[PDB]
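First up is the structure itself, then whatever we jot down about it.
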Amino acid sequence: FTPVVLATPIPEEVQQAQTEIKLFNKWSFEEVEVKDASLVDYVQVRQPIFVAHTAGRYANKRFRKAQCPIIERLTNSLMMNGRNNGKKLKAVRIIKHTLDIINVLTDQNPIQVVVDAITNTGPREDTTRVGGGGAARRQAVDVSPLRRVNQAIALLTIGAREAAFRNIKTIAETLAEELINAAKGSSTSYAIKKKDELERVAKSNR
Amino acid sequence: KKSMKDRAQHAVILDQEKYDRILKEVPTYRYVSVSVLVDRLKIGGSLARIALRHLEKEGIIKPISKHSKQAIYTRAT
Amino acid sequence: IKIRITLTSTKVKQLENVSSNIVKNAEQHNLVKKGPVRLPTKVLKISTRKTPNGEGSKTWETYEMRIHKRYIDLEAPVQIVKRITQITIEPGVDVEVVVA
Amino acid sequence: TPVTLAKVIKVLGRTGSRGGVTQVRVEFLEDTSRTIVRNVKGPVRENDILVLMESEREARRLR
Amino acid sequence: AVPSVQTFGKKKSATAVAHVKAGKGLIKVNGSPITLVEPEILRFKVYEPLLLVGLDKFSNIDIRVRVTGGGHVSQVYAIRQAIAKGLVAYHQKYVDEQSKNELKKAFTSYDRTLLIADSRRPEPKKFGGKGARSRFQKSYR
Amino acid sequence: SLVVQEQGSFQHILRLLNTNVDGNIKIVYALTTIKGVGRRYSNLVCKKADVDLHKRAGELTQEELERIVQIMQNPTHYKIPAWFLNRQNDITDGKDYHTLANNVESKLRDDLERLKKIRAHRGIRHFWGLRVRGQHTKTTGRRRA
Amino acid sequence: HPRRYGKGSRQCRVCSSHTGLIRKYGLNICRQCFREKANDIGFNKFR
Amino acid sequence: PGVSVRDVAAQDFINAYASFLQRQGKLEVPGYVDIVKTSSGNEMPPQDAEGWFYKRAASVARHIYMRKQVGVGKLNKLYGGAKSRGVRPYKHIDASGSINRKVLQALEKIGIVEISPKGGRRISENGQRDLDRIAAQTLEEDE
RNA sequence: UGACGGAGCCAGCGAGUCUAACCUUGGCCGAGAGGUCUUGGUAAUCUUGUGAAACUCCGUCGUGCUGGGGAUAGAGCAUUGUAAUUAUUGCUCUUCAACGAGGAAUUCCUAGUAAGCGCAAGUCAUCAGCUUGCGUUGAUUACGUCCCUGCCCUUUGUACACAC
RNA sequence: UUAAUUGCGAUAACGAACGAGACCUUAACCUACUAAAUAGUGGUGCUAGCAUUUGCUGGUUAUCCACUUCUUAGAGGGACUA
């Protein structure tokens with residue numbers, strides 16, 4: 001690595017990250033292999049990005065959403081609850097500060113932690129609706145891994161919304177503490193509590 | 001039930017009887033930030049920023065990365 | 001003598017016939033000039049309700065004027081103010097002759 | 001948590017009165033060349049990988 | 001003469017004309033250099049075209065981009081396409097092919113909008129509704 | 001980076017202008033508690049008295065509060081351009097006055113009592129308790145009586 | 001006759017009606033005669 | 001190699017220039033100091049009551065060298081903002097004319113800019129050498 | 001994912017005076033609305049780069065029917081007009097209530113879409129909380145079904161035919 | 001099979017028509033043609049500054065020169081599911 005100088009000097013940090021392999025500011029996109037063999041081909045890896053902002057043509061066809069990175073799936077999941085619509089630069093500021101918090105505590109790669117959290121908190125089976133006539137009944141069958149990850153990101157998103165709502169605690173660390181709790185397993189956060197609630201609901205109506 | 005709240009008492013003006021313990025109780029903390037100071041040290045968010053700046057003046061902690069209404073910190077290790 | 005010819009017409013196929021023609025007449029002799037500028041089309045927006053009374057759905061229509069204007073600039077002495085003023089005018093085409 | 005790995009090759013069609021459930025043919029990685037019919041919620045197609053909580057069941061159709 | 005080429009970019013309402021010439025290797029927009037276009041997050045997003053092959057390609061090349069119109073994120077999305085297209089134009093005007101084909105395939109195989117303009121334009125609003133694909137409340141009995 | 005000692009001079013309860021004043025909060029916003037003074041006028045008096053803005057109401061000496069509240073009775077003598085006063089160009093006197101926390105309701109009672117004796121359109125409905133500003137009350141404001 | 005007006009006393013040019021006027025566009029007429037006139041204003045009707 | 005304001009960040013430049021006028025040079029005294037809202041859409045005077053003026057001068061001087069020919073009427077809409085007009089939705093409200101006029105008249109005798117024909121004001125050489133030299137020193141203050 | 005105040009502060013559609021008085025630039029005065037003297041334009045040229053807002057950066061605040069909210073009223077400052085009182089409307093100060101995510105039921109929606117936000121125009125001498133057009137930021141969720149609400153074709157039944 | 005009596009095919013039917021389709025406009029691309037101080041771009045002149053050491057930021061219609069890529073539609077090309 002040799003620093004290259006031009007008519008307008010630039011900080012050496014970006015040049016260092018641009019020398020061998022492109023990454024985030026200090027974070028690396030490698031060593032994030034998924035432990036679950038059922039979630040492959042659905043999470044996007046090995047194609048690093050700098051900022052979660054991207055205007056991709058992912059909503060045109062059926063499965064163009066498969067190549068959507070995990071990180072902005074959280075930011076896109078945060079893009080609701082009314083007045084929070086828009087200003088996606090806030091939606092990318094929250095995640096960057098969230099992974100920054102996970103950097104100091106549990107010094108492993110935060111993006112590998114949220115991937116592990118997605119695998120852990122992803123529900124595997126769920127119940128359906130059956131007419132019956134007069135009364136409604138629920139039948140339980142399996143859930144596709146595409147729906148597994150899509151529901152998994154949402155559970156963290158609306159599990160930290162009310163946790164940081166009407167409280168001094170901000171949403172910067174509320175997402176941070178929720179994802180580590182789901183990853184390691186604590187049975188205290190909203191995501192795990194809802195995951196076992198539907199597991200026992202499906203178990204009862206198996 | 002919606003009973004009466006606890007009326008949280010985050011500190012807004014420092015004083016010696018409570019200024020002294022920050023240098024002795026904050027240690028042995030792996031992850032530190034502004035938010036943890038508010039809900040655990042019972043101090044204000046603005047008070048946390050100046051106190052951490054004063055505490056980092058002693059060459060123990062460093063901002064590392066910081067921005068508006070957020071910061072990350074880690075004790076001497 | 002800075003003779004400027006300005007054209008204003010709605011039918012897009014018509015003033016182009018005029019604009020091409022005056023260029024051809026101005027191409028005679030030498031009569032140095034510039035080509036036809038293309039100014040933005042001033043689309044007019046008139047919006048009215050289809051139903052006269054209040055009965056019916058809230059149906060709306062937008063009637064539009066597409067006026068196209070294209071002027072030319074010519075510079076030459078006094079002969080051209082006589083050899084260009086010959087009017088190649090057609091219904092729907094308006095011409096504005098301004099000198100200097 | 002006893003789970004089994006499930007491999008899908010063929011798809012039957014979308015079932016259910018609401019249409020949110022799909023009839024999908026699924027095989028097993030362990031003890032392969034065994035056919036068991038199972039249901040699914042999310043969009044599926046050929047060459048996917050699925051995990052089942054239980055392996056001994058058979059549902060023909062759902063409402 | 002002077003070796004100079006010019007390109008341009010597009011967005012929803014943002015256009016980014018770029019002036020590229022051989023000099024001391026400077027980058028600036030609206031008189032301000034690359035590290036100040038004020039996205040404060042998408043700063044890396046606009047770094048993207050000029051980092052994934054290094055600074056060896058910008059040793060002695062001045063590029064200047066003028067941006068007008070569009071939203072803030074739309075404005076930021078304009079320079080990256082202008083400099084990438086200007087980078088291609090410089091590769092198409094002064095340097096050889098073996099460097100050119102490697103440069104373009106690195107650009108295309110990573111991101112589309114680096115050189116591909118987005119054709120997803122807003123849909124005109126329809127009568128009887130606030131938005132293009134929105135309708136008023138019916139409220140019948 | 002200012003460190004201030006908080007000795008026993010701090011008090012949790014305040015009493016100014018014969019009204020209850022709460023402490024433990026910013027003095028600038030603690031003066032808004034006392035009725036008749038709004039957010040805008042609060043900072044004018046706070047900066048006119050040359051007192052610190054970020055100090056709390058509890059940690060406050062007698063001289064500073066006396067200096068703050070002595071403005072209210074006669075602010076015009078204290079070089080104010082005289083457009084913030086709630087009682088300017090009064091009918092009785094014609095001068096600019098600032099009714100304190102206890103004369104606010106006495107003033108409008110006098111204002112209402114002279115509207116009632118005159119039996120104007122704006123006064124009869126005020127005695128009736130209905131709308132006098134022309135606002136529609138046929139379908140709005142049902143659940144107030 | 002004693003009269004003041006001068007504050008919007010404009011009627012339809014072709015039917016003399018003080019109903020809704022479009023105006024500020026050179027027509028100062030009513031909506032209905034604007035409809036049943038055709039081929040004069042906004043005739044193109046591409047949209 | 002020659003540093004202008006465009007080569008440095010906007011926030012640190014107007015802060016360094018504000019501290020320059022805070023410490024050196026007398027800008028002017030507005031008279032209605034920290035008693036105005038600096039606009040019509042706002043209802044609270046600036047928190048930096050002792051300041052808000054020399055940094056006001058730094059911002060307008062930077063922008064009057066950014067732009068070419070603008071007047072106080074333009075300055076009102078430049079620094080306007082949405083006003084919470086009660087129940088009505090937010091609408092843009094222009095800044096106070098007197099505040100922008102006072103700072104402009106404050107800085108005329110300083111020399112930061114001179115009166116231009118055809119409307120607006122054009123930057124003088126005396127008022128732009130210092131406006132440009134400050135940028136040549138503000139980027140080296142970090143180290 | 002907030003309120004407030006200071007910095008960065010980017011668009012598009014359209015309109016605009018002749019025998020009349022429209023859009024208004026610049027200078028000056030006033031906290032503000034607003035007032036005076038001129039300048040440019042019958043219009044891509046001048047209003048207007050409509051420098052708009054939502055937006056981000058610096059600070060204060062703090063979980064408190066409180067700095068959210070301005071309904072409710074009082075007084076004062078101006079504009080429109082022959083006249084404005086049941087405040088036309090704008091501006092300034094003060095009073096600071098209900099409302100703390102709304103129960104049956106119901107409305108719109110498959111991409112720049114919904115939603116958030118603003119701009120131009122229609123009503124206008126003045127007055128947008130409406131509508132018509134335009135622009136900024138801009139999600140998750142479907143790629144299926146007729147189960148409810150409706151539609152089309154074929155078969156069957158009808159004591160209907162102004163027709164369930 | 002298609003959004004479509006939209007097509008194949010079958011067939012006491014053949015020949016047909018209207019609607020849909022077809023057609024037009026708008027939003028899309030054109031560094032391909034005419035191009036254009038009522039839109040601009042670069043340079044040559046005058047002038048202002050920063051380090052002066054090579055550059056950068058500007059302003060200027062009678063200071064001109066070259067061009068239409070960015071701004072404007074004219075004739076046009078361009079995806080028909082190849």
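We label chains A, B, ... in the order they appear in the structure tokens, count residues from 1 in each chain, and number ligands from 1 in the order shown.
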To test your reading of the structure, identify every residue in chain D that backbone DSSP assigns to strand (DSSP E), and report it as a ChimeraX atom specification.
/D:4-15,21-28,35-40,48-52
Give me the residues within 9 Å of residue B:16 as an MDAnalysis selection string, counting only C-alpha atoms (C1' of nucleotides) and dropping any in the same chain fewer than 3 places off.
(chainID B and resid 19:21) or (chainID F and resid 5:6)
Excluding stretch 125-142 of chain F and any residue of its chain fewer than 2 positions from it, enumerate the residues within 9 Å of it, using only C-alpha atoms (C1' of nucleotides), and give them as an MDAnalysis selection string.
(chainID F and resid 112 115:116 120:123 144:145) or (chainID I and resid 71 73 86:87)
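For the atom pair formed by atom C1' of residue I:77 and atom CA of residue H:81, the distance is 23.4 Å, given to one decimal.
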Please, which residues in chain I fall within 10 Å of chain E when counting only C-alpha atoms (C1' of nucleotides), and what is the closest atom pair and distance in Å to one decimal for each, ordered by chain then residue number, as CSV?
```
residue,atom,partner,partner_atom,distance
I:8,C1',E:38,CA,7.7
I:9,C1',E:72,CA,9.5
I:10,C1',E:71,CA,5.4
I:11,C1',E:70,CA,5.5
I:12,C1',E:13,CA,8.0
I:49,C1',E:68,CA,8.9
I:55,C1',E:72,CA,8.5
I:56,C1',E:39,CA,8.2
I:57,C1',E:40,CA,9.4
I:106,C1',E:139,CA,7.6
I:107,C1',E:137,CA,5.2
I:108,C1',E:135,CA,5.6
I:109,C1',E:134,CA,6.8
I:111,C1',E:133,CA,9.6
I:112,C1',E:122,CA,5.6
I:113,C1',E:133,CA,6.7
I:114,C1',E:134,CA,7.4
I:115,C1',E:131,CA,9.9
I:131,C1',E:128,CA,9.0
I:132,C1',E:127,CA,7.8
I:133,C1',E:125,CA,7.8
I:134,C1',E:124,CA,8.8
I:135,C1',E:13,CA,9.0
I:136,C1',E:71,CA,5.9
I:137,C1',E:71,CA,8.2
```
Using only C-alpha atoms (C1' of nucleotides), find which residues of chain G lie within 9 Å of chain I and jot them down as number ranges by chain.
G: 4, 6-8, 20-22
When the cut-off is 10 Å and we count only C-alpha atoms (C1' of nucleotides), which residues of chain J are near chain C, given as number ranges by chain?
J: 34-36, 38-39, 71-74
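Every protein or nucleic acid residue with an atom no more than 9 Å from stretch 43-45 of chain D, counting only C-alpha atoms (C1' of nucleotides) and leaving out same-chain residues fewer than 6 positions away, appears here: residues 62, 63, 144, 145, 146 and 147 of chain A; 8, 9, 10, 11, 20, 21, 22 and 24 of chain D.
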